[PDB]
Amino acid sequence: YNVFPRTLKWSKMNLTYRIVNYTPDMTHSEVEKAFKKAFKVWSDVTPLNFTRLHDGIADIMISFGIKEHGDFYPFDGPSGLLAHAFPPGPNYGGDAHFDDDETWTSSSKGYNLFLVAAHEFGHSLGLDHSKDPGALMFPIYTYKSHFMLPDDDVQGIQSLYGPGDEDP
């Protein structure tokens, strides 16, 4: 027999993602680099592996949309809600949606796509919000060079998946 696991988490270390569509605001290359870097934030401190799929069904389906886009969490035009992601599980579980009424960037202007993606993928992997105002998983977006994952987020993600190689 098997009872349900104690916490919501992926039951496998190999996860896939798919960039289903793209924002007008950035090049395909810029978007791909931002998401790759965002996944690496989490794979660096766990035993998780992320593989990109070009088509078909991936664990983490990524998309840009506006207003009603196929779930119970419609976006709201410019400002307000920015993005959301579902916790680990089947179907919409793990998926990450970005409001394409926001301005997405690879700079300090608008919303930095890498930074928001890194936060969203935290939710995709099973982290809820943190009370630490310096944490990646803090509820409110603020945005320097060279990103470093704060310790609160490292402890959180490692409570779910372990550290993987502690010196890779």
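Sequential numbering from 1, following the sequence displayed.
- Of the other structures of this protein that model both sides of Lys144, a third or more give it no coordinates.
- Across the two stretches, 20-28 and 6-14, the PDB entry reports the greater mean Cα temperature factor for 6-14.
- Per-stretch averaging of Cα B factors for 132-140 and 113-121 places 132-140 on top.
- Across the options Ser106, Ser43, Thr103, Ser63, the residue with the most elevated CA B-factor in the record is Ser106.
- Residue-level temperature factors show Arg52 in the middle third of its chain, judged at the C-alpha atom.
- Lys67 sits in the lowest third of its chain by CA B factor, as recorded in the PDB entry.
- When all modelled residues of the chain are sorted by CA temperature factor, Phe98 is found within the lowest third.
- In the PDB entry, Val154 places in the middle third of its chain by CA B-factor.
- Ranked by Cα temperature factor within the chain, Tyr73 sits in the highest third according to the deposited record.
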